[PDB]
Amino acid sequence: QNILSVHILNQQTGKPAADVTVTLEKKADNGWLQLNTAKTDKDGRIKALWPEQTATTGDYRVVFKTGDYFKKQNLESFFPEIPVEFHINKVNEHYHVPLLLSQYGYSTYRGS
């Protein structure tokens, strides 16, 4: 299992959100360096979001480009995109960050 997985469930259809761009960024100085970008697969997943580069401890941000996702469906959303910031304090462990998504609401958490 990859250090970082993400997935998106669309709570309006009760199905995965497919083909959503998701970026990964590392905090550095007062900003953020992009480490990767990928798109959720047909099951709404990116099982392995970390690039082929050793992960270091630090703070990271995943950005779910959900605004574009909704825009392709002619749907408005309150959020142009959804950033989620989290600590990686242990590079030996698996980090899983699902997104439960609606147009005007969402939930995120550390999964298993």
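Start at 1 with the first residue shown and count on from there.
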Assigned third (lowest, middle, highest) for the C-alpha B factor of residue 89 | highest
Within this chain's modelled residues, let me know which third the CA B factor of residue 28 belongs to: lowest, middle or highest.
-> lowest
Residue 61: CA temperature factor from the record, placed by chain third, in the middle
Residue 72, C-alpha B-factor rank within chain (lowest, middle or highest third) = highest
Within-chain third of residue 55 by Cα B-factor, per the entry | highest
